[PDB]
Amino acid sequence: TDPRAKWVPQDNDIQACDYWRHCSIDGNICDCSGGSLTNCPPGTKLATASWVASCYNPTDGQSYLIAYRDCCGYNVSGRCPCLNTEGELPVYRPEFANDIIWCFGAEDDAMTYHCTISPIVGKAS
């Protein structure tokens, strides 16, 4: 709640901006517009491009790499908006940069931002 305090991950609610895998999310959580933690909502198009963060999982003490993915082709969902920036680097380090609309690769050249999923792709601190 204090926007400036160190972020504190939890592993008990994915709709919340402090959910551990959203440590470098920018946009909206897909679970809140009919995706799930790792699937896009009906009628949107799943980007193949990704951004990564290393996120601490307070359930098991391990940090995991979250390759975020955008669900594209719809106006922005407006539900569960969140912006975190753990490890987020400026645009010239685009692999860790999250202001970019990462809709590349989405079916039907969809490029509008609807929401982001947070699947794990491996471990590493």
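Counting begins at 1, following the sequence as shown.
Novice: Taking the recorded C-alpha temperature factors, which stretch has the higher mean, 55 to 63 or 68 to 76?
Specialist: Between 68 to 76 and 55 to 63, it is 55 to 63 that shows the higher mean C-alpha B-factor.
Novice: Could you say whether, by C-alpha temperature factor, residue 17 belongs to the lowest, middle or highest third of its chain?
Specialist: Answer is highest: the recorded C-alpha B-factor places it there.
Novice: Quick check for you: using the entry's CA B-factors within this chain, is residue 47 in the lowest, middle or highest third?
Specialist: Lowest third, going by the recorded CA B-factors of the chain.
Novice: Among the modelled residues of this chain, does the Cα B factor of residue 97 put it in the lowest, middle or highest third?
Specialist: Lowest third - that is where residue 97 ends up once the chain's C-alpha B-factors are sorted.
Novice: Quick check for you: using the entry's CA B-factors within this chain, is residue 34 in the lowest, middle or highest third?
Specialist: Ranked within chain, residue 34 CA B lands in the highest tercile.
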